[PDB]
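Top to bottom, those sequences are chains B and A. With the authors' numbering applied, the first sequence covers 81 to 176, 186 to 475, 487 to 722, 732 to 736, 749 to 805. With the authors' numbering applied, the second sequence covers 81 to 176, 186 to 475, 487 to 722, 732 to 736, 749 to 805. Even for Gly, the Cβ is constructed at its ideal location relative to N, Cα and C.
Number of protein chains: 2
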Amino acid sequence: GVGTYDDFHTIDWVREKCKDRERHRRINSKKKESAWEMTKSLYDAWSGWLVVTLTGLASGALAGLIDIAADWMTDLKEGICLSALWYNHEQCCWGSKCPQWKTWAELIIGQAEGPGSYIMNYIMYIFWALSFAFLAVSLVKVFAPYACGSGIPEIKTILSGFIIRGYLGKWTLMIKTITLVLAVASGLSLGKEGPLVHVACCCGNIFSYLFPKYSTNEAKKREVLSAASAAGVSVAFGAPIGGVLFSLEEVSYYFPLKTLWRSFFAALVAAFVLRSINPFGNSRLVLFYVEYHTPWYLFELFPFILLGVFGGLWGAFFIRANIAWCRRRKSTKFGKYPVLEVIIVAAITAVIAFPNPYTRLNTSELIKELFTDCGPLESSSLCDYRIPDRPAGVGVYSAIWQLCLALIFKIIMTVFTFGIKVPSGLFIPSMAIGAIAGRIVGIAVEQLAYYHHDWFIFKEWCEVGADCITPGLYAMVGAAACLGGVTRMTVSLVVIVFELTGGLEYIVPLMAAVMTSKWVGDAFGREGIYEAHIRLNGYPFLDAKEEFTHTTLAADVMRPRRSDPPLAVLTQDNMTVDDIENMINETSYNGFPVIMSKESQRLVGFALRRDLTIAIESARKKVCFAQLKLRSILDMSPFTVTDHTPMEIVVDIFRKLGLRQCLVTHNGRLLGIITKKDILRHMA
Amino acid sequence: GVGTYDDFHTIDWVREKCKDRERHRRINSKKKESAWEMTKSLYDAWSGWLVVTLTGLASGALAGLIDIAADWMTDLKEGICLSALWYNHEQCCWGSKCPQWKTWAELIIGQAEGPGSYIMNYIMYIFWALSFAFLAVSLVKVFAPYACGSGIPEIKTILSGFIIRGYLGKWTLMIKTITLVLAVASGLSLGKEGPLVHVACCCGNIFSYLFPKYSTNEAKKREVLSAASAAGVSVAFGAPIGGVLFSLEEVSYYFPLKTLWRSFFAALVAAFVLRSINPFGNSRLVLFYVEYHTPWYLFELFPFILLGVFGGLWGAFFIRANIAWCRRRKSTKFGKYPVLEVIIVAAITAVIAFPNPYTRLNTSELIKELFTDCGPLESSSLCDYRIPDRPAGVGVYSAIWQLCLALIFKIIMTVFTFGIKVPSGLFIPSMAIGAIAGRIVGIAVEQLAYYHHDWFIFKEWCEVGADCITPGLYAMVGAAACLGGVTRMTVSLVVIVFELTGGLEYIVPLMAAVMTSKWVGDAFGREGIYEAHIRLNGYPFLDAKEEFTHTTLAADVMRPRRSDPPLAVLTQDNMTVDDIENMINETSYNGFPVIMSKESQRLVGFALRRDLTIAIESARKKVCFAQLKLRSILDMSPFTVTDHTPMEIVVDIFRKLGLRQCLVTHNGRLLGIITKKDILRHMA
Ligand SMILES: Nc1ncnc2c1ncn2[C@@H]1O[C@H](COP(=O)(O)OP(=O)(O)O)[C@@H](O)[C@H]1O
Ligand SMILES: Nc1ncnc2c1ncn2[C@@H]1O[C@H](COP(=O)(O)OP(=O)(O)O)[C@@H](O)[C@H]1O
């Protein structure tokens with residue numbers, strides 16, 4: 081009964097460490113007496129490996145299920161394969186102009202060409218997009234309201250020591266997976282990679298319920314969740330080392346460095362499970378695992394920086410627009426119509442997604458097609474090529501028009517969608533926009549060299565009769581730069597990109613563009629998109645990048661103030677159960693120091709509301734607190762700090778040890794108490 | 081003047097953080113006034129990259145110089161290349186039974202064969218080994234007494250916040266490098282890999298002196314040293330990721346995770362400098378960089394565990410013998426004759442090193458020859474081979501005799517040498533002993549399979565007419581297991597091994613053997629050899645693996661005790677210059693709290709002996734301390762803790778924040794002070 085934390089609060093880690101210490105002492109007491117005790121102790125010890133192992137296995141299985149369901153469903157938007165209903169379009173196309190894969194215009198109208206078939210397929214596409222969007226939103230609203238958003242803000246807040254009982258419950262796993270599948274099915278500008286971490290996290294949570302050790306102790310569950318975060322990111326990107334570094338960089342809040350092997354094993358197990366699972370015959374770990382064998386030139390360095398500016402500048406734009414819109418939509422009438430709003434957004438997407446050739450295709454496949462340079466058998470309009489430079493046809497102008505319109509779409513439509521009550525991620529929109537910009541700049545530079553190759557800056561670099569530029573690397577660097585400039589990741593992103601796409605020959609432009617994008621972005625708000633999303637949520641995140649301009653002390657922050665009523669404390673002997681009931685009913689606080697008497701106001705001990713309550717009605721069902750006596754249940758060694766302390770040290774202590782609140786006393790006379798929420802309130 | 085730390089003490093990190101904050105405020109006050117201050121600020125910001133870059137570059141250059149010099153010296157121990165004096169035997173032999190590479194017997198006697206030449210070469214080998222040993226010990230004794238030991242324990246203590254002014258001085262770099270070269274030249278059971286980190290560290294230190302930001306600041310220099318540790322380990326082993334993972338695990342004490350990129354870049358820079366530098370034409374990054382393309386069988390798993398036991402047991406044995414001997418040699422007359430002791434040890438080495446074929450050769454080359462399996466052109470006695489199993493000749497028995505004698509010599513002599521007043525390391529002896537044991541077990545299993553292949557346990561796995569076992573992998577796993585079992589490294593060691601020896605097909609047995617050896621070793625002392633030396637030196641290391649059995653409080657450790665005189669404190673108004681001077685001269689303490697008056701004994705402020713003294717003579721050259750007045754110089758916000766605090770929380774705060782000492786007060790009445798040394802003393 082003691083030690084339970086109310087939902088929507090912050091954990092106190094040192095008490096949890098003391099609980100673990102007493103549990104360890106109890107285990108050691110009976111450890112060596114019998115072989116059965118030894119077996120139990122070894123099982124408890126191996127539980128540390130077991131939680132990570134089961135979490136990784138479940139994360140891999142869930143990722144496989146989600147991937148197969150998602151690609152299957154998003155394939156249904158186009159047509160069906162009569163011969164094999166269970167397969168998708170590409171399985172039937174390769175399972176041998187694919188007659189066995191029919192569309193709906195031919196299915197009903199019987200015509201595969203002409204305005205009529207085009208209109209029929211268009212109207213169907215809108216209809217099916219609406220159906221998936223509506224059903225996903227209805228399911229999430231009815232069955233799980235915490236599937237919203239991406240899942241990085243909430244997880245970051247959870248690991249720091251926050252509590253959200255339902256955000257990782259047994260129920261949210263099923264609903265989250267189903268609605269993520271059905272949301273990525275609709276083709277909305279939202280991914281199934283990043284948010285999958287949440288799913289991974291859930292695994293840990295659920296399995297942590299089976300072992301008592303990691304359930305009662307909050308810090309142990311937090312460590313398991315920090316491991317599951319790396320496992321989930323590794324599954325999402327197939328970057329186990331990137332996944333481990335991700336938890337340290339932008340997810341985990343506390344790291345004793347003794348669980349790094351746990352995170353590494355989690356990322357290995359989850360990746361292994363994901364790659365092993367391929368029932369339909371798929372070979373790639375992820376849909377868009379690509380490899381390169383193309384070179385790049387030193388003179389080619391100048392344009393990345395230019396692109397880097399975009400990869401950064403867009404960041405500043407995005408984090409300045411969506412955050413604004415995400416605010417406005419939460420205050421105007423529009424926030425009271427979730428289902429209708431998401432229907433409208435998805436309808437706008439589909440209506441302005443099918444006509445454009447690129448957007449009609451799932452965003453992962455668009456990213457792939459932008460990654461790969463024109464293949465020997467490639468004959469798409471993206472490579473409208475018919487002299488030192490290769491000739492270009494008139495169709496390149498049309499391709500540029502179509503692709504620039506696709507960019508102008510993907511940049512706008514993504515801003516409005518991340519604040520919807522359905523699963524969504526930002527990795528995919530960022531990657532896609534960056535890759536699109538990269539391809540644009542690559543084509544532009546190729547044409548510019550073609551027209552004016554006679555200049556000295558070009559004749560000595562570009563070879564005659566051969567390609568001089570590699571737009572695939574431009575797409576890669578653009579994607580990485582935009583992702584870095586939106587979510588302000590520099591090293592974890594580079595590691596994940598390296599693991600996703602093998603080949604060390606491209607690390608230099610990637611690092612250059614990422615650093616340039618970060619530099620540009622920091623000038624327009626040094627907080628990542630996830631940081632500012634937590635800010636909008638108002639969650640209690642204790643930033644490790646703030647600076648105190650004023651040389652102020654806790655004297656200005658210790659509560660109460662001259663304009664606030666006095667704090668509530670407790671006495672030992674003169675006070676009985678009835679007074680305790682009256683005080684508890686007549687006050688709405690959480691923690692109470694205990695003092696000898698009112699006149700002295702000298703700090704003696706500390707206690708919390710819920711222990712005091714449960715204890716008093718337990719005693720009533722079945732008074733002096735100093736040396749019936751209730752001294753034992755009263756904690757007597759609370760952490761203190763000198764009242765004249767500078768605030769910076771107090772903040773550092775809270776961040777390092779993880780104490781929800783600390784007292785503040787003068788000459789031994791208790792004065793005030795400071796909690797994380799108060800520190801954040803003064804942080805404004 | 082204020083803030084300087086006396087040698088052989090521990091740093092207080094929070095005051096250093098406050099100094100960093102005030103410096104940051106001072107720099108910010110004038111950041112935007114003109115472009116010149118902007119340039120200065122950017123230079124200060126880039127200083128963080130600059131220190132690591134210069135440290136890595138210098139470490140690489142020094143490692144290259146040391147490697148070439150060590151090869152050249154240890155090569156002259158055998159003979160000389162008359163045609164080209166500067167070259168070594170290997171280059172001269174490859175520069176075309187090598188007539189241009191002459192030996193001593195031919196040079197003087199003129200005959201390359203017969204007992205006479207054997208005796209001449211043997212005696213000259215002993216003489217030259219004595220010459221190198223004597224010169225090395227004389228140089229280290231005369232010019233640098235801190236080059237002793239390996240250098241890992243001292244570095245571990247330095248990063249934690251210890252101070253040793255001379256252990257990294259401008260002078261110790263030259264002497265340390267020279268004597269390490271001349272010591273590895275003698276061929277003693279000691280390597281130039283591990284200790285090179287010390288050299289790397291020095292670089293950092295020295296170059297840190299050029300930037301005021303990183304010089305006056307202790308914690309910043311500690312971060313630079315933690316980076317240089319990874320850089321040095323990377324240079325020694327050619328494992329940049331290995332070095333970065335090593336710094337966190339067994340070297341660094343504090344890591345804010347914001348310098349991990351610094352350590353990673355230091356490792357890359359150092360590795361690049363090392364590989365680039367090869368003036369004599371060498372291509373390998375290290376002497377013994379190897380690659381493998383050999384398979385292994387699952388049924389082959391059983392003996393690794395057996396070998397693991399050895400790799401474990403030897404660990405326990407070694408850490409139980411040397412630590413004992415290193416104690417005895419420091420308390421008996423033998424400790425007053427350093428030069429003669431090292432002469433005796435080197436003489437024993439050389440005299441009992443040449444007759445055995447393996448020990449005659451430098452230990453790195455022995456490790457290489459044990460790593461590589463018999464090549465197609467190999468015809469050495471190690472491969473005495475002339487039916488399902490390959491026939492074995494009589495020479496295998498003689499090879500086994502010689503190699504077991506070599507193992508006995510290496511296990512025996514290595515114990516006595518690590519406590520000598522010359523540069524030495526444990527990586528090389530551990531690797532060599534483990535590899536030797538691995539090769540022994542490999543040959544034994546091959547012979548067993550040859551003799552008793554008829555059993556069902558072999559016919560199902562070992563093919564006819566081809567080799568069934570790979571002793572090279574056995575040597576690799578033995579080396580890794582012994583190193584893990586002596587130095588108690590599990591993950592950093594395995595990553596370093598992977599980087600040193602490419603190929604992921606050999607991670608499973610490495611992990612198995614390392615884990616088994618660690619399990620076996622922990623049963624015989626859970627402290628690594630490096631930890632055991634840090635203990636024996638008595639340095640103030642605050643272990644993060646101890647457990648308090650008694651439910652004791654700081655009330656048990658607050659000083660003074662009933663049996664000790666009272667603490668020295670200071671008044672503010674009634675005191676003057678004469679009284680404070682007399683009190684300072686009459687006491688030998690380090691910290692002094694300041695109180696209103698003797699009767700009250702209420703904590704008010706705190707100060708230090710050295711700061712107080714410097715302030716006193718400064719004031720006298722050119732009294733009230735409360736609100749001439751010396752209030753300002755008196756610190757007024759010292760960290761405190763409640764007297765009834767459990768000791769565990771106090772230890773945790775010291776380990777986390779890094780405070781030398783904390784006061785302890787009751788009811789606001791100051792009672793005592795607890796410092797790291799006192800906590801360690803009660804840790805006994
Ligand atoms: N009017 C007040 N008078 C005295 N103390 C106050 C007053 N208001 C708030 N406090 C102190 O601030 C704390 C509330 O901070 P907060 O973190 O928001 O909630 P909690 O303390 O439940 O975590 C209380 O525990 C209390 O000690
Ligand atoms: N006899 C004593 N009476 C009161 N205090 C003592 C006594 N001996 C030691 N102390 C306390 O212990 C501290 C010495 O601890 P130690 O860490 O070994 O040295 P330092 O304080 O110089 O680091 C002193 O600063 C002092 O406050």
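Would a C-beta distance cut-off of 8 Å place A/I441 and A/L269 closer than the cut-off?
-> no
Contact set for B/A308: own chain, Cβ-Cβ below 6 Å, skip 5 residues either direction | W93, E96
Is A/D773 close to chain B, meaning its C-beta is less than 8 Å from at least one C-beta of that chain?
-> yes
Quick one: Cα of A/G332 to Cα of A/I366, how far?
-> 20 Å
Run the proximity test for A/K698: is its beta-carbon closer than 7 Å to any non-hydrogen atom belonging to ligand 2?
-> no
Pull out every residue of the region 764-789 of chain B whose Cβ sits closer than 8 Å to any Cβ of chain A, in chain order.
-> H765, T766, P767, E769, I770, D773, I774, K777, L778, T786, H787, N788, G789
Would you please verify whether the beta carbon of B/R635 is less than 8 Å from any beta carbon of chain A?
-> no
Anything in chain B within Cβ reach of A/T133, meaning under 7 Å, just list it in chain order.
-> Those within 7 Å of A/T133 in chain B number zero; the least Cβ separation is about 15 Å.
Give me the Cβ distance between B/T461 and B/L277, rounded to the nearest whole Å; I'm assuming they're in contact under 8 Å.
-> Rounded, the Cβ-Cβ distance is 24 Å, inconsistent with contact.
C-alpha distance - B/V608 paired with A/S275, whole-angstrom precision = 44 Å
If you measure from the CB of B/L703, is any heavy atom of ligand 1 nearer than 7 Å?
-> no
Straight-line CA distance for B/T119 to A/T570?
-> 37 Å
C-beta neighbour in chain A for B/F760, strict 8 Å | yes
Helix, strand or coil at B/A328 according to DSSP, with G and I counted as helix | coil
For A/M611, decide whether its Cβ has a neighbour in chain B, counting only Cβ atoms nearer than 8 Å.
-> no
Would you decide whether A/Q736 is buried or exposed? Buried here means 16 or more other CB atoms lie within 10 Å of its CB.
-> exposed
Does the separation of the CB atoms of A/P767 and A/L784 fall below 8 Å?
-> no
Does A/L337 come within less than 8 Å of chain B when only Cβ atoms are used?
-> yes
Whose Cβ in chain B lies nearer than 7 Å to the Cβ of A/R702?
-> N788
Using CA coordinates, which residue listed in A/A613, A/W260, A/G705, A/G250 is at the minimum distance from A/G584?
-> A/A613
Would you check if the distance between the CB atom of B/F509 and the CB atom of B/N445 is smaller than 8 Å?
-> yes
B/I716 to B/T676 span [Cα, whole Å] = 10 Å
May I ask which residues mark the beginning and end of the beta strand (DSSP E) holding A/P571?
-> Note, A/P571: premise wrong, no beta strand (DSSP E); alpha helix (DSSP H) at 571-587.
Backbone secondary structure at A/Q701 - three-state DSSP | coil
Between which two residues does the alpha helix (DSSP H) containing A/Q782 stretch?
-> Careful: A/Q782 lies outside any alpha helix (DSSP H), inside the beta strand (DSSP E) at 782-787.
Cutoff 7 Å; reference B/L653; Cβ partners in own chain excluding five residues on either side | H765, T766, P767, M768
Return helix, strand or coil for A/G691, following the three-state DSSP convention.
-> strand
Looking at C-alpha atoms only, which residue of A/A632, A/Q701, A/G397, A/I487 is the closest neighbour of A/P666?
-> A/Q701
If you measure from the beta carbon of A/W350 to each beta carbon in chain B, is any gap under 8 Å?
-> yes
What span of residues does the beta strand (DSSP E) with B/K191 cover, start to end?
-> 190-192
DSSP puts A/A492 in a beta bridge; with which residues?
-> A/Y474
Own chain residues within Cβ distance below 6 Å of B/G255, not counting five before or after = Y235
Any C-beta of chain A under 8 Å from that of B/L387 = no
Cβ of B/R101 within 8 Å of any chain A Cβ | yes
Which residues have their C-beta within less than 7 Å of a heavy atom of ligand 1, listed in chain order?
-> B/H89, B/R659, B/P660, B/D664, B/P665, B/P666, B/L667, B/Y689, B/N690, B/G691, B/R781, B/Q782, B/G793, B/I794, B/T796, B/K797, B/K798, B/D799
So, is the C-beta of A/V94 closer than 8 Å to a C-beta in chain B?
-> yes
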